[PDB]
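What's in my_file-v9.txt: compact mmCIF, N, CA and C atoms
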```txt
# COMPACT_ATOMS: atom_id res chain seq x y z
N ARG W 1 -5.94 4.86 -9.61
CA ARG W 1 -4.50 4.82 -9.39
C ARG W 1 -4.08 3.40 -9.05
N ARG W 2 -3.63 2.66 -10.07
CA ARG W 2 -3.33 1.24 -9.91
C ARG W 2 -2.25 0.99 -8.85
N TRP W 3 -1.31 1.90 -8.73
CA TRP W 3 -0.21 1.73 -7.78
C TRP W 3 -0.68 1.92 -6.34
N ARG W 4 -1.68 2.78 -6.15
CA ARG W 4 -2.25 3.01 -4.83
C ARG W 4 -2.87 1.73 -4.27
N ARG W 5 -3.33 0.88 -5.16
CA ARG W 5 -3.87 -0.42 -4.77
C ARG W 5 -2.82 -1.21 -3.99
N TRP W 6 -1.61 -1.30 -4.54
CA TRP W 6 -0.50 -1.98 -3.88
C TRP W 6 0.02 -1.14 -2.72
N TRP W 7 -0.06 0.17 -2.89
CA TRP W 7 0.38 1.14 -1.88
C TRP W 7 -0.25 0.86 -0.52
N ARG W 8 -1.58 0.76 -0.48
CA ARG W 8 -2.26 0.50 0.78
C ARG W 8 -2.00 -0.93 1.26
N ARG W 9 -1.81 -1.85 0.31
CA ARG W 9 -1.42 -3.22 0.65
C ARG W 9 -0.12 -3.22 1.44
N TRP W 10 0.89 -2.57 0.88
CA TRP W 10 2.18 -2.43 1.52
C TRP W 10 2.05 -1.79 2.89
N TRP W 11 1.29 -0.70 2.95
CA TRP W 11 1.11 0.05 4.18
C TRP W 11 0.54 -0.85 5.27
N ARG W 12 -0.60 -1.46 4.98
CA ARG W 12 -1.32 -2.29 5.95
C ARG W 12 -0.48 -3.50 6.37
N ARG W 13 0.35 -3.99 5.45
CA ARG W 13 1.23 -5.11 5.74
C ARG W 13 2.40 -4.71 6.63
N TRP W 14 3.24 -3.82 6.13
CA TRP W 14 4.50 -3.51 6.79
C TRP W 14 4.32 -2.63 8.03
N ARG W 15 3.69 -1.47 7.85
CA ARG W 15 3.63 -0.48 8.92
C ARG W 15 2.68 -0.91 10.03
N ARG W 16 1.39 -1.00 9.69
CA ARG W 16 0.36 -1.58 10.55
C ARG W 16 -1.02 -1.13 10.12
```

Please go through the file and, once you have read it, give me the structure as structure tokens.
Amino acid sequence: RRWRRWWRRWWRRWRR
């Protein structure tokens, strides 16, 4: 899932 790659990036960046 190519989008999940960025998904966890976003998560770890923004949320914590």

Open item on the list: If I take CA of residue 1 in chain W and atom N of residue 14 in chain W, how far is one from the other in Å, to one decimal?
Closed with: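 Atom-to-atom, CA of residue 1 in chain W to atom N of residue 14 in chain W, that is 19.4 Å.
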
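Selecting alpha helix (DSSP H) from the backbone DSSP output for chain W yields residues 2, 3, 4, 5, 6, 7, 8, 9 and 10 of chain W.
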
TODO: Rounded to one decimal place, report the atom C of residue 2 in chain W-CA of residue 16 in chain W distance in Å.
DONE: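 Separation between atom C of residue 2 in chain W and CA of residue 16 in chain W: 19.7 Å.
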
Taking the structure I provided as the source, export chain W with N, CA, C and O atoms, as a short mmCIF file (atom, residue, chain, number, x, y, z; two decimals), in the first residue's frame.
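As written to disk, selection.cif reads:
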```cif
data_model
loop_
_atom_site.label_atom_id
_atom_site.label_comp_id
_atom_site.auth_asym_id
_atom_site.auth_seq_id
_atom_site.Cartn_x
_atom_site.Cartn_y
_atom_site.Cartn_z
N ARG W 1 0.84 -1.19 0.00
CA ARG W 1 0.00 0.00 0.00
C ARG W 1 0.88 1.24 0.00
O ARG W 1 1.35 1.68 1.05
N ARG W 2 1.12 1.79 -1.19
CA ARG W 2 2.06 2.90 -1.35
C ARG W 2 1.66 4.12 -0.52
O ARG W 2 2.52 4.85 -0.01
N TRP W 3 0.37 4.34 -0.36
CA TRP W 3 -0.11 5.51 0.37
C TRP W 3 0.12 5.36 1.87
O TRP W 3 0.34 6.35 2.57
N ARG W 4 0.07 4.13 2.36
CA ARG W 4 0.33 3.85 3.78
C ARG W 4 1.74 4.25 4.17
O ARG W 4 2.01 4.59 5.32
N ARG W 5 2.65 4.19 3.20
CA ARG W 5 4.02 4.63 3.41
C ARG W 5 4.04 6.09 3.87
O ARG W 5 4.69 6.43 4.87
N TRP W 6 3.33 6.95 3.15
CA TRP W 6 3.23 8.36 3.50
C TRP W 6 2.32 8.54 4.72
O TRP W 6 2.51 9.44 5.53
N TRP W 7 1.32 7.66 4.81
CA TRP W 7 0.36 7.65 5.91
C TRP W 7 1.06 7.64 7.27
O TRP W 7 0.79 8.50 8.12
N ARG W 8 1.95 6.69 7.48
CA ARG W 8 2.65 6.59 8.75
C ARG W 8 3.65 7.75 8.91
O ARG W 8 3.91 8.19 10.03
N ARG W 9 4.19 8.23 7.79
CA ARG W 9 5.05 9.41 7.80
C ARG W 9 4.30 10.60 8.39
O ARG W 9 4.76 11.24 9.34
N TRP W 10 3.13 10.86 7.82
CA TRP W 10 2.26 11.93 8.29
C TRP W 10 1.93 11.77 9.76
O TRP W 10 2.02 12.72 10.54
N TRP W 11 1.54 10.55 10.13
CA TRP W 11 1.15 10.24 11.50
C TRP W 11 2.27 10.58 12.47
O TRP W 11 2.09 11.38 13.39
N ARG W 12 3.44 9.99 12.23
CA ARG W 12 4.59 10.14 13.11
C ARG W 12 5.05 11.60 13.18
O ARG W 12 5.57 12.06 14.19
N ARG W 13 4.87 12.32 12.08
CA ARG W 13 5.22 13.74 12.02
C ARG W 13 4.24 14.61 12.80
O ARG W 13 4.62 15.28 13.76
N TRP W 14 2.99 14.62 12.36
CA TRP W 14 2.01 15.56 12.88
C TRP W 14 1.52 15.19 14.28
O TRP W 14 1.61 15.99 15.21
N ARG W 15 0.98 13.98 14.41
CA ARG W 15 0.30 13.59 15.64
C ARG W 15 1.31 13.36 16.77
O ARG W 15 1.31 14.11 17.75
N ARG W 16 2.15 12.33 16.61
CA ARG W 16 3.29 12.07 17.48
C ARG W 16 3.76 10.64 17.34
O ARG W 16 4.72 10.40 16.59
#
```
